[PDB]
Amino acid sequence: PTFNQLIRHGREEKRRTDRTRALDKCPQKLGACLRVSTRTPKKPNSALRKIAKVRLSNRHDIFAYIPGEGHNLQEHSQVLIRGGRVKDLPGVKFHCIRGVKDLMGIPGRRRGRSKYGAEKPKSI
Amino acid sequence: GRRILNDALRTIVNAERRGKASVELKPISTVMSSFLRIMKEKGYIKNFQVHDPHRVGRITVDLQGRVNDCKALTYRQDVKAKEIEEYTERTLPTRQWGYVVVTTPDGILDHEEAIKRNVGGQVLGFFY
RNA sequence: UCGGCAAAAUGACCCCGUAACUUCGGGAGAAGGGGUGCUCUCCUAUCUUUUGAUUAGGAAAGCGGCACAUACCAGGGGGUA
RNA sequence: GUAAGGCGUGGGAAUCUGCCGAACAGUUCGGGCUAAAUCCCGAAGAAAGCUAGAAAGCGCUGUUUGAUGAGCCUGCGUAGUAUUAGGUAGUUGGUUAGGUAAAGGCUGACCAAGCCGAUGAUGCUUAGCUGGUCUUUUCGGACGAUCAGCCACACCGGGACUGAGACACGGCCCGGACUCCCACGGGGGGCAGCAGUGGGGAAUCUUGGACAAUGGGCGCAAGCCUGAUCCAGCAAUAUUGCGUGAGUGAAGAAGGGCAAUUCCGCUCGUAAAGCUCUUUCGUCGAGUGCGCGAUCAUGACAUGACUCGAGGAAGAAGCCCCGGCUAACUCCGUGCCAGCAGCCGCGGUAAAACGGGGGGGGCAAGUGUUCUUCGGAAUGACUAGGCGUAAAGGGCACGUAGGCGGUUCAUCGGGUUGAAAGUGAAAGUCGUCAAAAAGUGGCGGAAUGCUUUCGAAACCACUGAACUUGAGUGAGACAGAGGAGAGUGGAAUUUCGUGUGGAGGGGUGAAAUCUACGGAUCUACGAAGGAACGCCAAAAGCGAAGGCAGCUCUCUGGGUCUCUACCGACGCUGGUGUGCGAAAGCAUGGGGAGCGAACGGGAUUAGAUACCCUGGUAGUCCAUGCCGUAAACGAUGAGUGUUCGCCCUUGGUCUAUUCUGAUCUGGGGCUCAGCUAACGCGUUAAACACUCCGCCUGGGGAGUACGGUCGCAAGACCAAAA
RNA sequence: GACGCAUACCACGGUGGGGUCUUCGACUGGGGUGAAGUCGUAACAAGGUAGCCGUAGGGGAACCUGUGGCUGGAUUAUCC
Ligand SMILES: [K+]
Ligand SMILES: [K+]
Ligand SMILES: [K+]
Ligand SMILES: [K+]
Ligand SMILES: [K+]
Ligand SMILES: [K+]
Ligand SMILES: [K+]
Ligand SMILES: [K+]
Ligand SMILES: [K+]
Ligand SMILES: [K+]
Ligand SMILES: [K+]
Ligand SMILES: [K+]
Ligand SMILES: [K+]
Ligand SMILES: [Mg+2]
Ligand SMILES: [Mg+2]
Ligand SMILES: [Mg+2]
Ligand SMILES: [Mg+2]
Ligand SMILES: [Mg+2]
Ligand SMILES: [Mg+2]
Ligand SMILES: [Mg+2]
Ligand SMILES: [Mg+2]
Ligand SMILES: [Mg+2]
Ligand SMILES: [Mg+2]
Ligand SMILES: [Mg+2]
Ligand SMILES: [Mg+2]
Ligand SMILES: [Mg+2]
Ligand SMILES: [Mg+2]
Ligand SMILES: [Mg+2]
Ligand SMILES: [Mg+2]
Ligand SMILES: [Mg+2]
Ligand SMILES: [Mg+2]
Ligand SMILES: [Mg+2]
Ligand SMILES: [Mg+2]
Ligand SMILES: [Mg+2]
Ligand SMILES: [Mg+2]
Ligand SMILES: [Mg+2]
Ligand SMILES: [Mg+2]
Ligand SMILES: [Mg+2]
Ligand SMILES: [Mg+2]
Ligand SMILES: [Mg+2]
Ligand SMILES: [Mg+2]
Ligand SMILES: [Mg+2]
Ligand SMILES: [Mg+2]
Ligand SMILES: [Mg+2]
Ligand SMILES: [Mg+2]
Ligand SMILES: [Mg+2]
Ligand SMILES: [Mg+2]
Ligand SMILES: [Mg+2]
Ligand SMILES: [Mg+2]
Ligand SMILES: [Mg+2]
Ligand SMILES: [Mg+2]
Ligand SMILES: [Mg+2]
Ligand SMILES: [Mg+2]
Ligand SMILES: [Mg+2]
Ligand SMILES: [Mg+2]
Ligand SMILES: [Mg+2]
Ligand SMILES: [Mg+2]
Ligand SMILES: [Mg+2]
Ligand SMILES: [Mg+2]
Ligand SMILES: [Mg+2]
Ligand SMILES: [Mg+2]
Ligand SMILES: [Mg+2]
Ligand SMILES: [Mg+2]
Ligand SMILES: [Mg+2]
Ligand SMILES: [Mg+2]
Ligand SMILES: [Mg+2]
């Protein structure tokens with residue numbers, strides 16, 4: 001535009017939608033599991049991904065992924081929820097944090113194990 | 001008179017890139033001839049003649065093949081004498097060669113002379 | 001009670017305020033509110049045929065009562081098929 | 001809470017100001033509170049006395065002042081939203097009274113109808129503002145938490161009193177909600193002070209010590225207060241800090257991993273252990289303390305620090321990663337499962353990508369993950385981008401505001417510019433030194449600004465006199481499907497009539513419906529009617545665009561050329577607005593040949609709501625209104641200046657030297673350059689520059705939803721989000 | 001100084017409209033995505049009837065048809 005046009009009507013910003021609107025600009029949110037289930041991935045991937053329907057403390061209903069192999073979650077279990085989507089599964093935009101609240105860590109995990117709540121094995 | 005000054009400087013640039021020997025400028029002004037005197041002093045043009053400056057003025061310019069670009073500002077730009085050097089740093093594309101022409105209360109001067117005389121004013125334009 | 005049938009209520013003038021919708025005419029007195037008697041004193045006018053005091057309207061200060069359209073007369077209103 | 005009664009910055013006049021500094025004058029007499037007074041009242045002139053314990057020392061009062069604060073006003077600067085266009089009625093102004101310390105519609109009365117608003121009032125939403133913090137080659141963006149300056153508030157609303165100062169966080173009165181006692185009549189309370197507790201939350205600390213220092217209140221002091229502060233406690237929350245050793249060491253030990261099972265087979269690995277040295281940090285034991293913070297004196301910190309001694313490598317290394325982006329590879333297990341994933345992608349029997357072993361890489365008392373900000377992102381482009389074919393030129397104009405726009409001479413001093421003065425708080429950023437060893441300070445610079453004074457006079461603005469090159473007129477020549485009105489012409493189609501004539505015509509890929517012996521098609525002449533105007537004729541012409549075609553006449557808009565004519569910058573663009581605007585469609589009345597949505601029939605086909613055939617309504621035409629949209633396209637906004645040529649052509653003029661040149665004017669083809677992602681554009685640019693407007697910011701959702709305006713409707717315009 | 005249950009102003013409270021938002025709602029739409037189902041074959045080649053724009057009508061459904069416009073279609077040694 002001309003300089004006079006920019007004086008009259010400036011420049012707006014780019015419009016981009018929020019990724020995790022339900023976290024409400026918090027790093028984590030506590031929740032309680034409503035339904036623990038599995039979901040199949042979008043093609044070309046094929047598995048049975050363990051997810052959980054979680055109602056958050058601000059009364060938002062989200063789908064969160066349960067990472068790792070095996071979990072102890074049931075209905076009405078407390079889970080701490082962090083951001084981060086799962087690319088196989090549309091509509092799943094969050095993760096459950098292992099080793100906090102009801103979701104236990106994974107013993108026997110040895111590598112990358114602070115992302116799975118696993119302690120350091122004591123040397124004997 | 002900013003529009004006719006830019007018209008004349010662009011006419012000079014365009015016939016310069018055609019490899020011509022001379023141009024005719026019309027309409028002219030005293031600001032235009034002072035800009036051309038500064039250009040002649042720095043060697044960018046060879047010579048210029050003013051014809052009938054008080055009735056219907058036209059200017060003949062002699063060309064040498066030495067100027068890349070002459071521009072007149074089309075907007076008001078104030079500069080202080082302590083501000084001239086950083087403006088010239090930001091305005092010349094090479095930041096080394098070329099001159100900024102300023103209208104001062106001491107007259108129309110190039111930027112180095114205006115720094116030396118410690119006088120500010122309005123930027124007319126530049127050439128390099 | 002078949003059903004507010006009948007009754008009760010509203011009701012006048014002046015001022016404020018008036019919605020949905022509309023064929024832009026309406027709806028509309030929508031709805032909802034306030035004042036109203038008398039005495040004195042000013043102001044205005046009554047196009048005063050007894051013009052230096054009489055009527056109408058308005059301000060302002062008072063007076064009495066439960067009550068000032070005191071009797072008589074005199075719309076109930078709104079929403080929706 | 002507050003979007004301007006606030007804040008930042010600079011000013012002003014119509015005010016007050018306890019304590020503090022400095023002058024001058026006074027400090028007299030009665031009464032009242034059970035008793036008195038520096039308490040209250042009265043008289044003069046305003047007051048108030050205490051102390052010979054504080055006797056010329058305090059205190060008070062009045063008048064002049066300095067200083068410091070406070071109140072009031074004001075210029076400039078300081079959000080989003082028009083899918084919010086009108087708002088105001090003490091409102092805007094005047095007069096006169098009142099009120100205030102003080103100007104003032106601050107408000108009573110009277111008078112006028114003003115005031116604010118497209119340069120965005122009012123409505124709605126959000127928000128304390130600043131110094132500054134983080135990021136960033138300058139600009140910007142986000143933030144306004146700590147700390148300091150200003151403002152606002154103190155459970156929620158409303159008030160005033162006292163006072164120099166408050167409409168007062170830990171004061172008073174009233175109303176409200178909540179709450180604690182109550183002997184039941186009634187009372188009491190307000191942590192958004194410091195600690196602390198419930199609650200909410202992913203998440204944020206001790207119910208600590210001392211007034212030693214600094215600051216503050218009271219007191220003549222001595223002192224007394226001070227959860228201001230100072231200092232300890234908790235928390236890897238942050239910080240370019242320090243440490244976890246320094247050497248040596250081959251039985252290359254054991255053990256682990258890999259291996260034609262290569263060179264001690266390769267590697268963990270000189271790694272460990274062992275041996276020698278040093279003990280920072282932390283640990284333990286002592287000793288001086290006018291070491292130091294503090295001095296006349298006073299030390300919470302301080303169970304510290306400092307100094308000395310004991311001791312023994314002793315007490316101190318993880319986290320992420322190793323397919324590519326990206327530094328770092330092998331074995332086993334699994335077998336599109338389990339799982340991984342920032343992106344691209346991995347896993348379906350030899351997976352460097354999943355999980356474990358072994359090895360390795362990066363950082364390191366941290367390191368990853370999530371959230372949030374800036375950068376990379378020139379990905380909202382001022383710096384520094386675009387719109388022919390990728391997102392994006394408004395269908396086209398006219399014009400309001402606004403923006404932008406020729407020459408000379410003279411004047412002036414508002415902008416501009418030079419210097420001086422004032423201001424720009426401190427802290428922070430930058431420079432430098434010293435200090436310190438994860439810590440501090442001084443002096444500068446910067447603070448790009450505003451006010452005042454005095455210079456300058458080129459530019460912008462303003463004033464005056466002039467100029468003619470841009471715009472506009474006139475005179476004289478022209479061209480034109482420019483527009484509107486009124487007349488008129490012929491060909492052809494259809495229908496009808498009359499002669500002659502007799503068998504089909506029409507139509508298809510092939511057929512059939514249809515039409516024809518009531519005589520068609522065909523042939524001659526005639527009649528009626530509507531619509532469109534062949535040839536000319538087209539890369540021609542005209543119009544702003546949409547558009548405009550037979551001919552005549554009337555009325556009329558614009559354009560071109562020439563001039564030793566006038567006039568004198570009157571110009572360009574154009575938000576909001578206004579107008580014009582194919583076709584289809586709508587309303588009323590006409591008209592209706594041909595064509596033809598819908599529809600009927602005949603066919604094709606698996607079906608055929610089509611394509612083909614045959615009938616054919618609205619419509620297509622006229623008059624008057626509405627609508628306001630098109631691939632309304634050159635998919636190219638309007639304008640101005642400049643840039644090598646060649647070939648044509650429209651309409652003029654001049655020169656001609658018998659056939660052409662020159663110069664304007666539009667319209668085309670080609671091209672040197674230059675430009676372009678490429679195709680291509682190229683004096684009618686998409687070239688070299690500029691002015692002004694419109695528009696774009698990944699795809700889909702979507703030109704959809706909602707709302708407003710407009711329309712008789714059909715719909716149109718502005719136009720999202722999940 | 002009272003003081004008057006004297007006027008004014010005024011909070012709370014009552015009441016009627018506006019402006020601007022918001023909870024819930026029988027039912028009825030739209031959009032996005034998907035393995036594979038049903039019906040057809042609309043577009044891309046002249047895509048089998050060139051395609052597309054505005055507008056109008058018609059149809060299970062893509063779509064078809066008129067009308068004006070566009071080329072962002074292919075094919076095809078100008079002739080008084
Ligand atoms: K995972
Ligand atoms: K301040
Ligand atoms: K309050
Ligand atoms: K103290
Ligand atoms: K951490
Ligand atoms: K050690
Ligand atoms: K114009
Ligand atoms: K033309
Ligand atoms: K014209
Ligand atoms: K012509
Ligand atoms: K070409
Ligand atoms: K041009
Ligand atoms: K169509
Ligand atoms: Mg009943
Ligand atoms: Mg009745
Ligand atoms: Mg009755
Ligand atoms: Mg009367
Ligand atoms: Mg606004
Ligand atoms: Mg707030
Ligand atoms: Mg701010
Ligand atoms: Mg509270
Ligand atoms: Mg006091
Ligand atoms: Mg007082
Ligand atoms: Mg308190
Ligand atoms: Mg507290
Ligand atoms: Mg909690
Ligand atoms: Mg002190
Ligand atoms: Mg003292
Ligand atoms: Mg304390
Ligand atoms: Mg460190
Ligand atoms: Mg030590
Ligand atoms: Mg010790
Ligand atoms: Mg000491
Ligand atoms: Mg300590
Ligand atoms: Mg690599
Ligand atoms: Mg394998
Ligand atoms: Mg990897
Ligand atoms: Mg792995
Ligand atoms: Mg940027
Ligand atoms: Mg950058
Ligand atoms: Mg730019
Ligand atoms: Mg771009
Ligand atoms: Mg452009
Ligand atoms: Mg256009
Ligand atoms: Mg367009
Ligand atoms: Mg001059
Ligand atoms: Mg000046
Ligand atoms: Mg400073
Ligand atoms: Mg410092
Ligand atoms: Mg320093
Ligand atoms: Mg039409
Ligand atoms: Mg008709
Ligand atoms: Mg049929
Ligand atoms: Mg047909
Ligand atoms: Mg027909
Ligand atoms: Mg359009
Ligand atoms: Mg067209
Ligand atoms: Mg000619
Ligand atoms: Mg030409
Ligand atoms: Mg381009
Ligand atoms: Mg335009
Ligand atoms: Mg539309
Ligand atoms: Mg609508
Ligand atoms: Mg088709
Ligand atoms: Mg097809
Ligand atoms: Mg096609």
# chains A, B, ... in the order shown; residues from 1 in each chain; ligands from 1

$ residues_around --residues "residue 116 (chain A)" --least-positions-apart "6" --cutoff "9 Å" --atoms "only C-alpha atoms (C1' of nucleotides)" --output "PyMOL selection string"
chain A and resi 67-68+97-99+104-107+109

$ write_last_selection --atoms "N, CA and C atoms" --output "compact mmCIF listing (two decimals), in the first residue's frame"
# COMPACT_ATOMS: atom_id res chain seq x y z
N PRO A 67 0.94 -42.82 26.86
CA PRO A 67 2.15 -43.30 26.19
C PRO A 67 2.78 -44.48 26.93
N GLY A 68 3.67 -45.16 26.22
CA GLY A 68 4.33 -46.33 26.77
C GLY A 68 3.54 -47.60 26.52
N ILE A 97 0.75 -37.73 31.65
CA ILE A 97 2.10 -37.74 32.19
C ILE A 97 2.28 -38.96 33.08
N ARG A 98 3.25 -39.79 32.75
CA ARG A 98 3.52 -41.02 33.47
C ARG A 98 4.25 -40.75 34.77
N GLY A 99 3.86 -41.46 35.82
CA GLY A 99 4.49 -41.33 37.11
C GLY A 99 3.95 -40.24 38.01
N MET A 104 0.81 -44.85 36.74
CA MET A 104 2.09 -45.23 37.29
C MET A 104 3.19 -45.11 36.24
N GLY A 105 4.44 -45.13 36.70
CA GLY A 105 5.57 -45.20 35.82
C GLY A 105 5.75 -46.59 35.26
N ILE A 106 6.78 -46.74 34.43
CA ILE A 106 7.05 -48.04 33.83
C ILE A 106 8.38 -48.56 34.35
N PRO A 107 8.39 -49.41 35.37
CA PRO A 107 9.63 -50.07 35.75
C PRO A 107 10.07 -51.05 34.67
N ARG A 109 11.69 -50.08 32.14
CA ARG A 109 12.17 -49.10 31.18
C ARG A 109 13.55 -48.62 31.61

$ interface_residues --of "chain B" --to "chain D" --cutoff "9 Å" --atoms "only C-alpha atoms (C1' of nucleotides)" --output "VMD selection string"
chain B and resid 1 to 4 6 to 8 10 to 15 18 26 to 29 31 53 to 57 71 74 76 78 to 81 103 to 108 118 to 122 124

$ residues_near_ligand --ligand "ligand 19" --cutoff "9 Å" --atoms "only C-alpha atoms (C1' of nucleotides) and all ligand atoms" --output "PyMOL selection string"
chain D and resi 1-2+126-128

$ write_last_selection --atoms "N, CA, C and O atoms (P, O5', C5', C4', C3', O3' and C1' of nucleotides)" --output "PDB file, in the first residue's frame"
ATOM      1  P     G D   1     -11.959  -4.843  37.003  1.00  0.00           P
ATOM      2  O5'   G D   1     -12.478  -3.348  37.179  1.00  0.00           O
ATOM      3  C5'   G D   1     -13.821  -3.064  37.547  1.00  0.00           C
ATOM      4  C4'   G D   1     -13.975  -1.648  38.043  1.00  0.00           C
ATOM      5  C3'   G D   1     -13.687  -0.554  37.024  1.00  0.00           C
ATOM      6  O3'   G D   1     -14.830  -0.237  36.248  1.00  0.00           O
ATOM      7  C1'   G D   1     -12.506  -0.110  39.034  1.00  0.00           C
ATOM      8  P     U D   2     -14.724   0.094  34.680  1.00  0.00           P
ATOM      9  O5'   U D   2     -13.793   1.377  34.608  1.00  0.00           O
ATOM     10  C5'   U D   2     -14.220   2.646  35.080  1.00  0.00           C
ATOM     11  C4'   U D   2     -13.067   3.613  35.107  1.00  0.00           C
ATOM     12  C3'   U D   2     -12.419   3.875  33.761  1.00  0.00           C
ATOM     13  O3'   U D   2     -13.102   4.858  33.010  1.00  0.00           O
ATOM     14  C1'   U D   2     -10.744   3.408  35.360  1.00  0.00           C
ATOM     15  P     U D 126     -14.947  -7.829  28.997  1.00  0.00           P
ATOM     16  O5'   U D 126     -13.421  -7.380  28.909  1.00  0.00           O
ATOM     17  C5'   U D 126     -12.438  -8.240  28.357  1.00  0.00           C
ATOM     18  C4'   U D 126     -11.203  -7.485  27.938  1.00  0.00           C
ATOM     19  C3'   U D 126     -10.415  -6.812  29.041  1.00  0.00           C
ATOM     20  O3'   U D 126      -9.614  -7.705  29.786  1.00  0.00           O
ATOM     21  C1'   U D 126     -10.650  -5.320  27.237  1.00  0.00           C
ATOM     22  P     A D 127      -9.360  -7.439  31.345  1.00  0.00           P
ATOM     23  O5'   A D 127      -8.390  -6.177  31.372  1.00  0.00           O
ATOM     24  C5'   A D 127      -7.105  -6.223  30.773  1.00  0.00           C
ATOM     25  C4'   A D 127      -6.487  -4.854  30.675  1.00  0.00           C
ATOM     26  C3'   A D 127      -6.360  -4.086  31.972  1.00  0.00           C
ATOM     27  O3'   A D 127      -5.293  -4.548  32.783  1.00  0.00           O
ATOM     28  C1'   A D 127      -7.138  -2.644  30.271  1.00  0.00           C
ATOM     29  P     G D 128      -5.532  -4.833  34.337  1.00  0.00           P
ATOM     30  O5'   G D 128      -5.330  -3.410  35.002  1.00  0.00           O
ATOM     31  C5'   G D 128      -4.185  -2.633  34.716  1.00  0.00           C
ATOM     32  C4'   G D 128      -4.534  -1.185  34.545  1.00  0.00           C
ATOM     33  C3'   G D 128      -3.427  -0.306  34.007  1.00  0.00           C
ATOM     34  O3'   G D 128      -3.315  -0.372  32.603  1.00  0.00           O
ATOM     35  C1'   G D 128      -4.351   0.711  35.903  1.00  0.00           C
TER      36        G D 128
END

$ select_by_dssp --residues "chain A" --states "strand (DSSP E or B)" --output "VMD selection string"
chain A and resid 28 to 39 49 to 56 61 to 65 78 to 83 94 to 96

$ write_last_selection --atoms "C-alpha atoms" --output "PDB file, in the first residue's frame"
ATOM      1  CA  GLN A  28      -0.541 -28.868  32.724  1.00  0.00           C
ATOM      2  CA  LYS A  29      -4.093 -29.508  33.903  1.00  0.00           C
ATOM      3  CA  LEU A  30      -5.393 -32.144  36.291  1.00  0.00           C
ATOM      4  CA  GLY A  31      -8.231 -34.353  35.107  1.00  0.00           C
ATOM      5  CA  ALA A  32     -10.299 -37.432  35.853  1.00  0.00           C
ATOM      6  CA  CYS A  33     -10.767 -40.250  33.365  1.00  0.00           C
ATOM      7  CA  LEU A  34     -14.294 -40.750  32.057  1.00  0.00           C
ATOM      8  CA  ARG A  35     -13.661 -43.551  29.549  1.00  0.00           C
ATOM      9  CA  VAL A  36     -10.506 -45.557  28.845  1.00  0.00           C
ATOM     10  CA  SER A  37     -10.544 -47.133  25.393  1.00  0.00           C
ATOM     11  CA  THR A  38      -8.554 -47.771  22.211  1.00  0.00           C
ATOM     12  CA  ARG A  39      -8.659 -46.095  18.817  1.00  0.00           C
ATOM     13  CA  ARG A  49      -3.672 -46.832  20.460  1.00  0.00           C
ATOM     14  CA  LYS A  50      -4.602 -46.594  24.152  1.00  0.00           C
ATOM     15  CA  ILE A  51      -6.359 -43.278  24.822  1.00  0.00           C
ATOM     16  CA  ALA A  52      -8.465 -41.858  27.651  1.00  0.00           C
ATOM     17  CA  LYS A  53     -11.375 -39.430  27.660  1.00  0.00           C
ATOM     18  CA  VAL A  54     -10.556 -36.902  30.377  1.00  0.00           C
ATOM     19  CA  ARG A  55     -12.664 -34.163  31.932  1.00  0.00           C
ATOM     20  CA  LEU A  56     -10.387 -31.319  32.956  1.00  0.00           C
ATOM     21  CA  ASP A  61     -13.632 -32.625  27.848  1.00  0.00           C
ATOM     22  CA  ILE A  62     -10.530 -33.737  25.943  1.00  0.00           C
ATOM     23  CA  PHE A  63      -8.942 -36.853  24.514  1.00  0.00           C
ATOM     24  CA  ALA A  64      -5.484 -37.617  25.885  1.00  0.00           C
ATOM     25  CA  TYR A  65      -2.989 -40.256  24.809  1.00  0.00           C
ATOM     26  CA  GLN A  78      -6.676 -38.767  38.332  1.00  0.00           C
ATOM     27  CA  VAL A  79      -4.312 -37.903  35.465  1.00  0.00           C
ATOM     28  CA  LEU A  80      -2.122 -34.865  34.873  1.00  0.00           C
ATOM     29  CA  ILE A  81      -2.424 -33.737  31.273  1.00  0.00           C
ATOM     30  CA  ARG A  82       0.203 -31.964  29.176  1.00  0.00           C
ATOM     31  CA  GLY A  83       0.076 -30.621  25.660  1.00  0.00           C
ATOM     32  CA  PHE A  94      -2.901 -34.086  24.668  1.00  0.00           C
ATOM     33  CA  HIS A  95      -0.783 -36.576  26.596  1.00  0.00           C
ATOM     34  CA  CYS A  96      -0.995 -38.154  30.024  1.00  0.00           C
TER      35      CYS A  96
END

$ residues_around --residues "region 23-35 of chain C" --least-positions-apart "4" --cutoff "9 Å" --atoms "only C-alpha atoms (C1' of nucleotides)" --output "MDAnalysis selection string"
(chainID C and resid 14:19 75 77:78) or (chainID E and resid 16:17)

$ residues_near_ligand --ligand "ligand 11" --cutoff "10 Å" --atoms "only C-alpha atoms (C1' of nucleotides) and all ligand atoms" --output "VMD selection string"
chain D and resid 669 to 671 680 to 682

$ interface_residues --of "chain E" --to "chain A" --cutoff "12 Å" --atoms "only C-alpha atoms (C1' of nucleotides)" --output "PyMOL selection string"
chain E and resi 32-35

$ atom_distance --atom1 "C1' of residue 152 (chain D)" --atom2 "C1' of residue 107 (chain D)"
27.8 Å

$ closest_residue --among "D:203, D:191, D:313, D:426" --to "ligand 6" --atoms "only C-alpha atoms (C1' of nucleotides) and all ligand atoms"
D:313

$ residues_near_ligand --ligand "ligand 43" --cutoff "9 Å" --atoms "only C-alpha atoms (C1' of nucleotides) and all ligand atoms" --output "list in words"
residues 386, 387, 393, 636 and 637 of chain D

$ residues_near_ligand --ligand "ligand 55" --cutoff "10 Å" --atoms "only C-alpha atoms (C1' of nucleotides) and all ligand atoms" --output "number ranges by chain"
D: 594-596, 614-616

$ closest_atom_pairs --of "chain C" --to "ligand 15" --cutoff "10 Å" --atoms "only C-alpha atoms (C1' of nucleotides) and all ligand atoms" --output "CSV"
residue,atom,partner,partner_atom_place_in_ligand_line,distance
C:4,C1',ligand 15,1 (Mg),7.3
C:5,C1',ligand 15,1 (Mg),6.6
C:6,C1',ligand 15,1 (Mg),6.2
C:7,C1',ligand 15,1 (Mg),7.6
C:8,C1',ligand 15,1 (Mg),10.0

$ write_last_selection --atoms "N, CA, C and O atoms (P, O5', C5', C4', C3', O3' and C1' of nucleotides)" --output "PDB file, in the first residue's frame"
ATOM      1  P     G C   4     -62.859 -20.098  33.549  1.00  0.00           P
ATOM      2  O5'   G C   4     -63.682 -18.919  34.226  1.00  0.00           O
ATOM      3  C5'   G C   4     -63.853 -17.678  33.549  1.00  0.00           C
ATOM      4  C4'   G C   4     -65.011 -16.879  34.091  1.00  0.00           C
ATOM      5  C3'   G C   4     -65.185 -15.514  33.445  1.00  0.00           C
ATOM      6  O3'   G C   4     -66.563 -15.161  33.353  1.00  0.00           O
ATOM      7  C1'   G C   4     -64.573 -15.267  35.751  1.00  0.00           C
ATOM      8  P     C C   5     -67.129 -14.530  31.987  1.00  0.00           P
ATOM      9  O5'   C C   5     -68.692 -14.402  32.235  1.00  0.00           O
ATOM     10  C5'   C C   5     -69.631 -14.876  31.283  1.00  0.00           C
ATOM     11  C4'   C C   5     -70.943 -15.196  31.946  1.00  0.00           C
ATOM     12  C3'   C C   5     -71.533 -14.086  32.801  1.00  0.00           C
ATOM     13  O3'   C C   5     -72.263 -13.137  32.045  1.00  0.00           O
ATOM     14  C1'   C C   5     -71.583 -16.128  34.001  1.00  0.00           C
ATOM     15  P     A C   6     -72.024 -11.561  32.238  1.00  0.00           P
ATOM     16  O5'   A C   6     -72.502 -11.264  33.725  1.00  0.00           O
ATOM     17  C5'   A C   6     -73.874 -11.291  34.090  1.00  0.00           C
ATOM     18  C4'   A C   6     -74.028 -11.312  35.588  1.00  0.00           C
ATOM     19  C3'   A C   6     -73.360 -10.164  36.335  1.00  0.00           C
ATOM     20  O3'   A C   6     -74.171  -9.008  36.411  1.00  0.00           O
ATOM     21  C1'   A C   6     -72.701 -12.201  37.306  1.00  0.00           C
ATOM     22  P     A C   7     -73.521  -7.542  36.341  1.00  0.00           P
ATOM     23  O5'   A C   7     -72.646  -7.422  37.670  1.00  0.00           O
ATOM     24  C5'   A C   7     -73.243  -7.236  38.948  1.00  0.00           C
ATOM     25  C4'   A C   7     -72.267  -7.543  40.060  1.00  0.00           C
ATOM     26  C3'   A C   7     -71.122  -6.554  40.241  1.00  0.00           C
ATOM     27  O3'   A C   7     -71.478  -5.450  41.054  1.00  0.00           O
ATOM     28  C1'   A C   7     -70.253  -8.742  40.146  1.00  0.00           C
ATOM     29  P     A C   8     -70.779  -4.017  40.857  1.00  0.00           P
ATOM     30  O5'   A C   8     -69.266  -4.239  41.295  1.00  0.00           O
ATOM     31  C5'   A C   8     -68.890  -4.378  42.656  1.00  0.00           C
ATOM     32  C4'   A C   8     -67.449  -4.801  42.771  1.00  0.00           C
ATOM     33  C3'   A C   8     -66.436  -3.843  42.167  1.00  0.00           C
ATOM     34  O3'   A C   8     -66.087  -2.787  43.044  1.00  0.00           O
ATOM     35  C1'   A C   8     -65.997  -6.025  41.391  1.00  0.00           C
TER      36        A C   8
END

$ residues_around --residues "residue 476 (chain D)" --least-positions-apart "4" --cutoff "12 Å" --atoms "only C-alpha atoms (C1' of nucleotides)" --output "PyMOL selection string"
chain D and resi 561-563+565

$ residues_near_ligand --ligand "ligand 59" --cutoff "10 Å" --atoms "only C-alpha atoms (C1' of nucleotides) and all ligand atoms" --output "MDAnalysis selection string"
chainID D and resid 665:668 683:684

$ select_by_dssp --residues "region 2-128 of chain B" --states "alpha helix (DSSP H)" --output "JSON, numbers by chain"
{"B": [2, 3, 4, 5, 6, 7, 8, 9, 10, 11, 12, 13, 14, 15, 16, 30, 31, 32, 33, 34, 35, 36, 37, 38, 39, 40, 41, 84, 85, 86, 87, 88, 89, 90, 91, 111, 112, 113, 114, 115, 116, 117]}

$ residues_near_ligand --ligand "ligand 41" --cutoff "9 Å" --atoms "only C-alpha atoms (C1' of nucleotides) and all ligand atoms" --output "list in words"
residues 1, 2 and 3 of chain A; 381, 382, 383, 384 and 385 of chain D

$ residues_near_ligand --ligand "ligand 13" --cutoff "10 Å" --atoms "only C-alpha atoms (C1' of nucleotides) and all ligand atoms" --output "number ranges by chain"
D: 584; E: 52-56, 65-68

$ residues_near_ligand --ligand "ligand 21" --cutoff "9 Å" --atoms "only C-alpha atoms (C1' of nucleotides) and all ligand atoms" --output "PyMOL selection string"
chain D and resi 155+190-192
